[PDB]
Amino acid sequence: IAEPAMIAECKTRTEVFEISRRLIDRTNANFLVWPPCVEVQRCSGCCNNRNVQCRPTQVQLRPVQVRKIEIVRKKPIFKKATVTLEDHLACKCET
């Protein structure tokens, strides 16, 4: 049996977000962070036509604590950093 294809509608789905070291610290390179990636909610899917794109209508800022190791003369200094994630809460087909 071949089922009718169903449209991937415009809505929030779980996507993989890579945590940017650049945003943790832009002025020093001597560090590691964990974890490297987290789940976020993002608007995806396809609208009726190509005059409209699937865009977020409301977004939820979400801070998360990542583990950080600064390497100083080959020894680790343990720190914590806060990364502010953005979740999409709702989407509509737009413009």
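The first residue of the sequence shown is number 1, and the count goes up from there.
Engineer: What about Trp34, is it left unmodelled in a third or more of the other PDB entries we looked at?
Structural biologist: Across the other compared entries, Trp34 is absent from none.
Engineer: Please report whether at least a third of the other compared entries leave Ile24 without coordinates.
Structural biologist: yes, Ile24 frequently unmodelled elsewhere, at least a third of entries.
Engineer: 61 to 69 versus 47 to 55: which one carries the higher mean Cα B factor per the record?
Structural biologist: The entry gives the higher C-alpha B-factor average to 47 to 55.
Engineer: For the stretches 35 to 43 and 22 to 30, which has the higher mean C-alpha B-factor as given in the deposited record?
Structural biologist: According to the entry, 22 to 30 carries the higher average C-alpha B-factor.
Engineer: Can you work out whether the C-alpha temperature factor of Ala90 puts it in the lowest, middle or highest third of the chain?
Structural biologist: Its C-alpha B-factor, which the entry lists for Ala90, ranks in the highest third among residues of this chain.
Engineer: By the record's CA B-factor, is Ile1 among the lowest, middle or highest third of residues in the chain?
Structural biologist: For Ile1, the deposited C-alpha B-factor lands in the highest third.
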